[PDB]
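Undergrad: Here is the input, now give the coordinates:
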Amino acid sequence: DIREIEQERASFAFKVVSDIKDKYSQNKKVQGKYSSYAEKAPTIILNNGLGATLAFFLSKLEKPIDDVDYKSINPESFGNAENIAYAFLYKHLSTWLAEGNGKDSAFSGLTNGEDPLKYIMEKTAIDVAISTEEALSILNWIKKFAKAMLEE
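TA: Residues are numbered from 1 along each chain as shown. Okay, here it is:
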């Protein structure tokens, strides 16, 4: 179960970091910023909570945004490396929490498709803490594959 969830985490991290490397093969700033933000996210989450951290990522983005629902976010539409990277990280983390690695997979999320930032404001402290553990787990995988695949 830990085995299968670790397998799904690795698969997802590979997918999302590969996409960054593919879309920004010749933009090392985007690669580097995404790597940095993935690495620093765990500390922000521990000291502020997952909800605040997701809101933090959104706070960075050029406004206005149509919809901060993670499915609606187009990371590639922002106009600097920092914004693009924060949008990606928000979108990736949110997607993991709400959908896991897909309906097909051994883990399909914790929020049942509810926007995670919203779910976090509604559920028990213990359920928020469980989602926080899961966020930290996927972030660790993302960090490892960023160090394997992306420029710093």
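Undergrad: Please enumerate the strands of this structure.
TA: Under the criterion DSSP state E, the chain carries no strands.
Undergrad: Going along the chain, name the helices of it.
TA: The residue ranges that make up the helices of the chain, judged by DSSP state H, are 2-23, 28-48, 50-59, 81-99, 116-122, 125-149.
Undergrad: Ranking those by mean neighbour count, which comes first?
TA: Stretch with highest mean neighbour count among the helices of the chain: helix 81-99 (a mean of 23; mean count of other Cβ atoms under 10 Å). Where C-beta positions appear, they are placed from N, C-alpha and C, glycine not excepted.
Undergrad: Could you verify my assumption that residue 146 touches residue 33?
TA: No: the criterion here is Cβ atoms under 8 Å, and residue 146 misses it with residue 33 at 10.6 Å.
Undergrad: In a markdown table: the helices of the chain, plus distance to residue 108.
TA: As requested, the helices of the chain are arranged in a markdown table below (distance: least, Cβ to Cβ, whole Å):
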| stretch | distance to residue 108 |
| --- | --- |
| helix 2-23 | 9 |
| helix 28-48 | 22 |
| helix 50-59 | 19 |
| helix 81-99 | 6 |
| helix 116-122 | 14 |
| helix 125-149 | 12 |
